[PDB]
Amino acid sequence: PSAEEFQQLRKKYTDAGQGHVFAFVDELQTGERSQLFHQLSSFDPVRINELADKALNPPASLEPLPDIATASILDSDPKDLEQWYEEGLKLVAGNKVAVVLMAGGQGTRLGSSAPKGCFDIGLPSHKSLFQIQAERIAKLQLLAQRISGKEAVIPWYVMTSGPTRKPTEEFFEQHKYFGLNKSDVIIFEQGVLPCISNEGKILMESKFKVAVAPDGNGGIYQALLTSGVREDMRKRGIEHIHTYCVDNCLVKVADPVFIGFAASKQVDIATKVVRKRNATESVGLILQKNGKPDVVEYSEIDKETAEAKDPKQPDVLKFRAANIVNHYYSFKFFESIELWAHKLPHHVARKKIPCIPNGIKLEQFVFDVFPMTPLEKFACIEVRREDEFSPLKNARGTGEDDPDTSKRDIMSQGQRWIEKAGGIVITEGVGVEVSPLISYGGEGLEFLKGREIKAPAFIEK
């Protein structure tokens, strides 16, 4: 940039009370000042102020979701579950199903230098989260082809952040997109925002670089428009979309039961939950808050509410729908994004941010559209945790939601699946890794009947 172009940008920022981002300019190399200029040119400081101000200067009625809006792998009629499976798989075979992967999180707790999806939890195959999820897509497409007699395609829209994009792109490239067509794996970005001080001033990571962060998982909706993803979906004739977070190592990607269930109810949004079994569990809950579908933090659930037993099933908690950030959307719902995306609030996330808790990241929440959605357009299905939810959150040596719990969940599932098919798993002081290319969800293991398998093992195609 010219001196005048630089001056004009400095004036814009200074007039907006953000002039301090230029404080170190004449300490900088000519390349470093150009980097700063280009980064600062990507933000409107005025909009930043408006967002910061709205966030810094902004008893509920709680009931479970309606009975007609809910189902359960555990408790629903097996006939309904089978029908939903078949109908969901028909939708897959029709090329009507897409997946949006939330892989734009920074994974601050796990503390890896690579994107979370690349992480190797210690399985015998050493496969990354990305590879396992990709292979589940590949297998499900093949299972769907048994219906159609033709290739089935589930496009995988991988939502990434500034700090995750390039290493994600390279990783997929290096692994030849895990046997999926390159045209069906679409890496895109969500928006970012500058991190801010308690007083709403832009934070500097270095003397020539603004500290930034993804705009929260709620940034997905806007990102679908800006990136051209929704348009791509339209051209493909996508009608049903599955969204989840890359950190769930057990994720049933594009789960036919989930798709079939939601499609049968003709909802705009559906959610997966696991069972809260003890009142004291600290889990966010999907429920009616003030008569609207919502996710309520466990801190907002009092002792009496948490302990309440289900009248119709007294062995079970009344409020038990533990959120696993696993959602269904209709394409029709995505068409409406322009009407309400601006209505999504930015929340203050107080964090320790190194710069030149002390700072704030402004974040939209994926579930903040839930209370905007008519009750009759919302559905929720309870699933089995041990088959469906194993988040990778913490480094080894935590004992909760870590590589070891993730590894154990996958390998115990594999052993379970084999045993149920008639396989004999023998352990000498555990579990078996079953490739998704062999089995998506426990099917297709009949060939292992009567066979002896020494755990730990790895069954691959």
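All residue numbers are counted from 1 along the displayed sequence.
Figure legend: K96 is marked as modelled in all of the other comparable entries of the protein, none of which omit it, let alone a third. Where the other entries of this protein model the residues before and after it, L9 is kept in all of them rather than dropped from a third.
In this entry, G429 and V430 are separated by 1 to 3 residues of the deposited sequence that lack coordinates. Unmodelled residues of the deposited sequence between neighbouring positions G422 and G423 number none; the chain is continuous. The PDB entry records a higher mean C-alpha B factor for 99-107 than for its counterpart among 99-107 and 179-187.
The question of which stretch, 207-215 or 128-136, has the higher mean Cα B factor is settled in favour of 207-215. Per the PDB entry, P311 shows the highest C-alpha temperature factor of the residues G260, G228, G237, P311. When the C-alpha B factors of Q413, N57, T70, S435 are read from the deposited coordinates, the top value falls at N57. In the PDB entry, a CA B factor belonging to the highest third of its chain's modelled residues is recorded for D302. Split the chain's modelled residues into thirds by C-alpha temperature factor. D247 is in the lowest one. Per the deposited record, the Cα B-factor of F22 falls in the highest third when ranked against the other modelled residues of its chain.
In the deposited entry, the Cα temperature factor of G162 places it in the highest third of its chain's modelled residues. Annotation for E170: C-alpha temperature factor in the highest third relative to the rest of the modelled chain, per the entry.
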